[PDB]
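What follows is a single structure, written as structure tokens, with notes after it.
Read-outs throughout are calculated quantities, based only on the coordinates presented, and are distinct from any laboratory measurement. Cβ atoms come from the backbone with ideal geometry, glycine included; neighbour counts cover every protein chain shown.
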Amino acid sequence: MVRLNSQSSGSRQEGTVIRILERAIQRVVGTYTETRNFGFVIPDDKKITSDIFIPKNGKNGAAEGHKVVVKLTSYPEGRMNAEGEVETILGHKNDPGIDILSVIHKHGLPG
RNA sequence: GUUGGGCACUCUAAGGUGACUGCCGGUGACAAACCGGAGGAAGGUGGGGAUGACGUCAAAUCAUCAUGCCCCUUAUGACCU
């Protein structure tokens, strides 16, 4: 429910997400990465500019390499990132036929 | 500890050790790096000091000191109260 601004530093009208009327992106696919004694799945697409906090109870295989879908169990909060889990361990990200299989789960195609 | 009590511990102070990308994951030219993880007292330029290049102001100092040219030289020297 983006609101207008009474300014514009360009040719475009300035929106501002004063509120989110609806949540979409229910789930993301990505590579899981171990950080500072933690986990963080990086979304397949770069359109999500943040990572997804993985707690250990939602690691479920995902190591440095493994591709996994995330049933996002929480979402960003001001400065904080989205939390999640690990769904399907698609396989090591650098595998021939993951490129397809990654897209198979990205789009939410049948199986 | 006051005393007996090796002296352990703390300390005292000489000599060594120790830290680096050395290591293990990512990431990335397989390298470098970057990002984390170990282990360690110490994490990625360990921390404080010390130690620089050519220069300028005819900068300041003839009251630190010395000093050419002067000046004083029974006094501009010197002594006391």
Quiz item: Looking at this structure, is A:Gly91 within 16 Å of RNA strand B (Cβ to nearest atom), small (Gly, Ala, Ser) and either part of a strand (DSSP E or B) or surrounded by fewer than 17 Cβ atoms within 10 Å (Cβ to Cβ) (or both)?
Solution: yes
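Yes/no matrix, rows are residues, columns are (1) touching a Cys at 6+ places or on another chain (Cβ under 7 Å); (2) of a type in the set (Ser, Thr, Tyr); (3) under 19 Å from A:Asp45 (Cβ atoms):
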| residue | (1), (2), (3) |
| --- | --- |
| A:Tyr75 | no, yes, yes |
| A:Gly78 | no, no, no |
| A:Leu90 | no, no, yes |
| A:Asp99 | no, no, yes |
| A:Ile104 | no, no, yes |
Quiz item: How about the stretch A:72-96: which of its residues are farther than 30 Å from A:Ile18 by Cα and without any contact (Cβ under 8 Å) to a residue 60 or more places away in the chain?
Solution: A:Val86, A:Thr88, A:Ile89, A:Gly91, A:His92, A:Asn94, A:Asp95, A:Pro96
Quiz item: So, of the residues in the stretch A:50-71 that are more than 13 Å from RNA strand B (Cβ to nearest atom) and either in contact (Cβ under 8 Å) with a residue 40 or more places away in the chain or under 20 Å from A:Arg23 (Cβ atoms) (or both), which turns out to be nearest to the chain's Cα centre (by Cα)?
Solution: A:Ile52
Exercise. Answer with yes or no whether A:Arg36 is over 17 Å from the mean Cα position of the chain (by Cα) and either in a helix (DSSP H, G or I) or more than 16 Å from RNA strand B (Cβ to nearest atom) (or both).
Key: no
